[PDB]
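Engineer:
2 protein chains.
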Amino acid sequence: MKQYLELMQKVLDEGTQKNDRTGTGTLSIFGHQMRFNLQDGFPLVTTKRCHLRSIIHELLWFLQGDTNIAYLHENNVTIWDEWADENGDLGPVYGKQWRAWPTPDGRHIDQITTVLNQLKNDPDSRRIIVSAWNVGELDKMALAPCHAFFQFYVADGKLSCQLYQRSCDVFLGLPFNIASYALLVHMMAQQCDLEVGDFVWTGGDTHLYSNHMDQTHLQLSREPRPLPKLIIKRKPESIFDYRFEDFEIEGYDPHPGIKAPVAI
Amino acid sequence: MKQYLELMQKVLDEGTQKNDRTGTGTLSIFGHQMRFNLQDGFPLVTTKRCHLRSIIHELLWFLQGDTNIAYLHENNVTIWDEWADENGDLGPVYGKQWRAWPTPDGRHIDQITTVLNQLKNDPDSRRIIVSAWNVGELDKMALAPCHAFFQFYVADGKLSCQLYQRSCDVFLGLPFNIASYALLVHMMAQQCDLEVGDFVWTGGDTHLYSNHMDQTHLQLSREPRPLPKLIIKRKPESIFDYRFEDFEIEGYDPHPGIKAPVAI
Ligand SMILES: C#CCN(Cc1ccc2[nH]c(N)nc(=O)c2c1)c1ccc(C(=O)N[C@@H](CCC(=O)O)C(=O)O)cc1
Ligand SMILES: C#CCN(Cc1ccc2[nH]c(N)nc(=O)c2c1)c1ccc(C(=O)N[C@@H](CCC(=O)O)C(=O)O)cc1
C-alpha cells in the first residue's frame, strides 16, 4: 500500500542504526502515524502476498481469551511457536488481557464485552479502550505486547480505531497487525450495526531489521495494486462466534510473496 | 505554537459535531500526531498567557506518588478541585499508577524508577513505557486518565518521548499537558546525562468544546512569538528531589490570556 511503502522508505532514509535485544541490529525511527480509510478497501499488502489464514485464526484465538498455541496448531498456525513453553502456554498475553484483565482484589474484567456495551449504549464515549499493557503481569508473559493499546470511536455512524504499537517490525509484523485490526473493526461494526471508518496506526519504535534490507529493497520496487474487499458471509450471535469460514477477501491480486528470516 | 494552532484549525476544518458526557457538545476529530523538537525551545503556548506554577507543581505532585490535593492547595494550585471528594482524594490516578501500579500478586511497581533504570542500563529497549491506564482500578478513579500512556526512546544521545492522549480538550488541557511532558523529558534527560530530543504527541478523540469557539478563533488571529527557554539551576540526587525553585523559564513574552469555562 502507498502508506506502508512510504513508511518503509522513511525508515531506510531516516533510520538510526540501533543495536537490538536479539543482537541483530535495526534501522529505526521513533513515532509515526498513518490512516487507512476502510471504506476504500481492505488494507492487506499487495506488494507481497500475505497469509490470511494465520491472521484470521490468531484473532479468533485472541477473542476466545486463549493464550495456548494448541488452537493455533489445530489450524496449522505456527507463528507463536518460538515463544511458547514446553506446554504451549505464553503466559497471560493478549487473549487473557482482552477477556480477563485481573484486578488487584481478585476480580477479572472483560474488555471486549465492555467495549461492545459502550459502542451500543454509549457510542460517544471517549473511553472506549482495550489495553494489553498490564504492567503487573508483563513479567509473566513470554513476550511483551507489541500492539499494546487500542481505542474505538464513533462519528456519523462510522466506527474508527486507533492502534498504538510500541514496537514494530516493519517488514514482517506490521502488514499482519494492520490486517488483523482492520478485520476486528469490521467484526465490531457488523455486531454494533455501524459502518466502518478509519483505522489509524500509530507506532513508537518503528524498525527494520538489518537482515531484511534486501527484501525491503525488492518490495519497494513493486507498484501497489488496488486494495481487496472483505466479505463476512454470516452474522454470528456475538463477536465471539465468528468462524474462519465466515470471511472472504475478494479482488486480492498480490505480487509474489517475499520470504525473510524471523528475529527471535 | 505553530503545531498547536495547526491542530486547532484542523479540528475546526474537519471536525464532527459530537455530544459528550459533560453535556456541553464538542467538535471532534479522531487521530492526530504532532512533533516538538525540544532543542528548538520550551514548548509553552505563547498565543495566550500560560500559568507555569500550576504545571510544575502538578508534575512534582505526580512524581511524589500523591493523589490528594492537599499538596496542591499548600501551593495555591486549584486545577483539580472540581473532582476531589470531601477529603481531597481523587483515587488511584496518575501519581499512584506511576509510583505504585498494583499487581494481582500483592506487589507494586514503580514505573518511574523502572524507566530510569532502563534509560541508563538499556536505553535501546523498546519497552520503556509508563502507563496510567489501569483497567482494573478505573472505577476507583475520580476521573479516567487522559494522558494515559507514554514511551521513551533514545538515539544519538538524545531522549524522546511519545504520549498517547485518549481524550484531548484542545483549548484548556492541551497547552498544560505539552508543557508538563516537556518538563518531564528535561528532568529525565538531566538524570540520565542525555540531551533532549522530540516530544511526540498523539491524540485519540481530539476536540474543542462548543463553548470555546470564540476564544479559539480569537487565539487563531494571533502570531506565535519565539519559544521560551528552560533553565534548570541544579541537578538533584534523584528525579524525585526537584523543587519548584529549580526551574527558570526565560524569554517568555506571551499574548494576553483568554479565559474559557471548564467542562466537568
Ligand atoms: C506481529 C505479529 C504476529 N506474529 C507473531 C508474534 C510474534 C512476536 C510478537 N512480538 C510481540 N512483542 N508481540 C506480538 O503480538 C508478537 C506476535 C507474527 C509471527 C510471524 C510472522 C512472520 O514470520 N511472517 C510470515 C508469516 C507467514 C505464515 O504465517 O504463513 C509472513 O511472511 O507474513 C509475522 C507475525
Ligand atoms: C491537563 C490538565 C490538568 N487540569 C485538570 C484536569 C482536569 C480534567 C482531567 N481529565 C482527565 N480525565 N485527565 C486529566 O489529566 C485531567 C486533568 C487542568 C484543569 C483546569 C485547567 C484550567 O482551568 N485552566 C485555567 C488555569 C488557570 C490557572 O491555573 O492559573 C486556564 O484558564 O487556563 C487547566 C488544566
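For the record, the sequence lines run as chains B and A.
Under the deposited numbering, residues 1 to 264 are what the first sequence spells out, in order.
Under the deposited numbering, residues 1 to 264 are what the second sequence spells out, in order.
Each residue gets a CB set at the ideal place from its N, CA and C atoms; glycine is no exception.
Looking at the C-beta of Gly31(B), does it have a partner C-beta in chain A at a distance below 7 angstroms?
Structural biologist: Closer than 7 angstroms to some Cβ of chain A, the Cβ of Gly31(B) qualifies, so yes.
Engineer: What does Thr103(A) reach in chain B if we use C-beta pairs closer than 8 angstroms?
Structural biologist: Under the 8 angstroms cutoff, chain B gives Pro104, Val135, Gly136 and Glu137.
Engineer: Below 8 angstroms on the Cβ atoms is my guess for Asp169(B) versus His207(B); work out the distance and round it to an integer in Å.
Structural biologist: About 7 angstroms separates the two Cβ atoms, so the contact holds.
Engineer: Is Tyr94(A) helix, strand or coil by DSSP?
Structural biologist: Helix, per DSSP.
Engineer: Show which residues of chain A have a CB atom less than 8 angstroms away from the CB atom of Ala155(B).
Structural biologist: Going along chain A in sequence order, the residues near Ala155(B) (Cβ under 8 angstroms) are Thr16, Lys18, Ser28 and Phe30.
Engineer: In this structure, what does DSSP give as the bridge partners for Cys146(A)?
Structural biologist: Answer by DSSP bridge pairing: none, since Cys146(A) is not bridged.
Engineer: Sorted by chain position, which residues of the same chain lie with C-beta nearer than 6 angstroms to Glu82(A)'s C-beta, five sequence neighbours on each side aside?
Structural biologist: Once the five neighbours on either side are set aside, the close Cβ partners of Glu82(A) are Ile264.
Engineer: Out of curiosity, what's the CA-to-CA distance linking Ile112(A) and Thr46(B)?
Structural biologist: One C-alpha to the other measures close to 42 angstroms.
Engineer: Buried or exposed: where does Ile231(B) fall if 16 or more other Cβ atoms within 10 Å of its Cβ makes it buried?
Structural biologist: Looking at its Cβ environment, which holds fewer than 16 other Cβ atoms inside 10 Å, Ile231(B) is exposed.
Engineer: Taking beta-carbon pairs under 7 angstroms, can you tell me which members of the segment 142-170 of chain A lie near chain B?
Structural biologist: Against chain B - using a Cβ distance shorter than 7 angstroms - the residues of the segment 142-170 of chain A are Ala144, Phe149, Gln151, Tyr153, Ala155, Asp156, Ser160, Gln162, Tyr164, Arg166 and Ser167.
Engineer: I'd like the span of the beta strand (DSSP E) that includes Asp198(A), first residue to last.
Structural biologist: First-last of the beta strand (DSSP E) with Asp198(A): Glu195 to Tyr209.
Engineer: Between which two residues does the alpha helix (DSSP H) holding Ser180(A) run?
Structural biologist: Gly173 to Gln191 is the span of the alpha helix (DSSP H), which, as asked, contains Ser180(A).
Engineer: By DSSP's criteria, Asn37(A) is part of a beta bridge. Which residues make up the other side?
Structural biologist: Per DSSP, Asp198(A).
Engineer: Looking at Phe199(A) and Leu38(A), is the spacing between their C-beta atoms short of 7 angstroms?
Structural biologist: Yes. Within cutoff.
Engineer: Would a check of beta-carbon distances place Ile258(B) closer than 7 angstroms to chain A?
Structural biologist: So, not an interface residue.
Engineer: Taking only the alpha-carbon atoms, compute the straight-line gap between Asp124(A) and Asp246(B) and give it to the nearest angstrom.
Structural biologist: Distance between the alpha carbons of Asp124(A) and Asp246(B) is about 42 angstroms.
Engineer: Beta carbon of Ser131(A), beta carbon of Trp133(B): below 7 angstroms?
Structural biologist: Closer than 7 angstroms, so yes.
Engineer: Going along chain B, which residues have a C-beta under 8 angstroms from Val200(A)?
Structural biologist: Simply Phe30 and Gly31.
Engineer: When you compare the CB positions of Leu63(B) and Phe240(B), do they come within less than 7 angstroms of one another, or not?
Structural biologist: Their beta carbons are under 7 angstroms apart, which means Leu63(B) touches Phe240(B) by this criterion.
Engineer: So does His255(A) have its beta carbon nearer than 6 angstroms to some heavy atom of ligand 1?
Structural biologist: Result no, Cβ not under 6 angstroms from ligand 1.
Engineer: Under three-state DSSP, which class holds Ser238(A)?
Structural biologist: Coil.
Engineer: If contact means a Cβ-Cβ distance below 8 angstroms, which residues of the segment 234-254 of chain A contact chain B?
Structural biologist: Answer in chain order: no residues at all.
Engineer: Mapping DSSP to helix, strand and coil, what is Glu137(A)?
Structural biologist: Residue state, collapsed to three classes: coil.
Engineer: Name the one or two DSSP bridge partners that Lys10(A) has.
Structural biologist: In DSSP, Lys10(A) forms no bridge with anything.
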